[PDB]
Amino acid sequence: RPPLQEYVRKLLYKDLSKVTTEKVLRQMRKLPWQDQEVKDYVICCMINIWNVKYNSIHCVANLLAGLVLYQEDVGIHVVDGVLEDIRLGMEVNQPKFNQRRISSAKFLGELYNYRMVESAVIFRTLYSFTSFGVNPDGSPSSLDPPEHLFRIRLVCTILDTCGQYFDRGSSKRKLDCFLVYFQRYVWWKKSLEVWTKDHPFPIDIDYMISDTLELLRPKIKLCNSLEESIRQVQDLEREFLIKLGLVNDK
């Protein structure tokens, strides 16, 4: 590969781990951003964040947060490209892409941590995890087969990356509403007939859910049943109904 193109793979996939982030930024303000081909090459490099090791993905979002003060469109295209890759990941849904898809979701969370996207982008992605290709009755579907529990890992990855900031204001209620729908989705999967005493629900998924929910809400009632999960959704949607004035007034 050309010299300049592997110069970036050093800057983004190697150096960012053990170097000042503020030094590599001016070294990429260096690049010929007028040239559309090399500007395209590194938008592609940040979209392929699966190359970066997990605990430095936030450093890539830290770098990109600084550049958009000089080439703002590069952040627009990376954000649009990551959101497209998350959607395509659910459409492909091959287990060989798990590490890449987890990194992409983690990246989107860090991009919110550095104010590249607002909470609406995160919550759109979160709801798409629990509903895109999902049957509205919880029945297994084409894109969400019974043993496929990857949506839960995708939800937990984003909530563990950026969910702690949804502690106040509107984002606190937006998270509270989504957690009601997330608990019903979790219990839709737990109630499928595939899970028996011989084929039990994976205990490590149970811990991952409780960690993510105990980290965000120390005083949350984990529904220990599907009917407990369903009634809370009914209660929440009843308040949605009242404020919408669909049977009542005002």
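So that there is no doubt, residue numbering starts at 1 and follows the sequence shown.
As the entry records it, the average C-alpha temperature factor is higher for 76 to 84, out of 76 to 84 and 153 to 161.
Look at the mean CA B-factor for 199 to 207 and for 63 to 71 in the entry; the higher one is 63 to 71. Per the PDB entry, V42 shows the highest C-alpha temperature factor of the residues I49, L213, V42, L192. Placement of the Cα temperature factor of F182 within the chain: middle third of the modelled residues, per the deposited record.
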